[PDB]
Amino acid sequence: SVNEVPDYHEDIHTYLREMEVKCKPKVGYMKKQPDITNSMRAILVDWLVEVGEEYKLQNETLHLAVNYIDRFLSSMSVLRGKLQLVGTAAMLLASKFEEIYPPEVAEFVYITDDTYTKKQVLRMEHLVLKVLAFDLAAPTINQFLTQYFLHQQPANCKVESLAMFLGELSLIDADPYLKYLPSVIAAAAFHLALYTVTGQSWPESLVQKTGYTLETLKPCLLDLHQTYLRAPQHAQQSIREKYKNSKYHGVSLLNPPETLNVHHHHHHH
């Protein structure tokens, strides 16, 4: 029905595919940050996951905040002691954009444990808006996933939760995930979740919609599979903890598949 916007979904998909290219952060950016690293970024993103859980925020808000952080850090050098300030302001901005009831500024100050002042958070909010030129309506993995989910017959709640779990894991690790577009990560996440739960593969109807085949998705899929396998040993554990809950059907407790059983023509493969 109209909640699925039949007359516009294809226009919207085409537009989002245009915009994700324009909203893409710089792939190499951390190499050009003298004071911060991918490991520090992982700590920050993992913390934002915790914040999102604590304040019961939308996963979309979390994805938006990460996009803002990566775009900001693509343009602006930030010292280590100020990284969490960028993150806090990003999460505040994402919340104002996306949430019906965003937390008040005082709650964002509280979550940072009084390292920063309220003035600092507010001034950083303004700086982030300037640097991003108010361009905050970024396409997320989540936005593509919900569109992909409509191709289920019927809907599978464990598939949906696991795909979201895998998409979320990708936010933690700039290497490799910065080189992949949200539509591609969502596609690889959907396939991997579909296969883990049901044994099914990336649907033909989504091949026609997205133009993505398992062949084009392979590099991202192989990365995501490895991330999934190594997940219980990752330094960052908030997403796994989150997805143990009944809300997400305890999908982080599921065993990842040992192999993807992808097509290999050679006898020795």
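Position 1 is the first residue in the sequence shown; the rest follow in order.
Peer 1: Quick check on the record: does 211 to 219 or 44 to 52 carry the larger mean Cα temperature factor?
Peer 2: Between 44 to 52 and 211 to 219, it is 211 to 219.
Peer 1: Quick one: say whether 158 to 166 or 98 to 106 has the higher mean Cα B-factor in the deposited entry.
Peer 2: That would be 158 to 166.
Peer 1: Compare the CA B factors listed in the entry for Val197, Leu122, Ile172, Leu92 and report the winner.
Peer 2: The listed residue with the largest C-alpha B-factor is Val197.
Peer 1: Is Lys82 in the lowest, middle or highest third of its chain when residues are ranked by C-alpha B-factor?
Peer 2: Lowest third.
Peer 1: Would you mind checking where the Cα B-factor of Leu136 ranks among the modelled residues of its chain, as the lowest, middle or highest third?
Peer 2: Lowest third.
Peer 1: Which third of the chain does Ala235 land in by C-alpha B-factor: lowest, middle or highest?
Peer 2: It belongs to the middle third of the chain when residues are ordered by C-alpha B-factor.
Peer 1: With respect to C-alpha B-factor, does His126 fall in the lowest, middle or highest third of the chain as deposited?
Peer 2: CA B-factor rank for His126: lowest third.
Peer 1: Relative to the other modelled residues of the same chain, rank the CA B-factor of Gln153 and answer lowest, middle or highest third.
Peer 2: According to the entry, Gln153 has a C-alpha B-factor in the chain's highest third.
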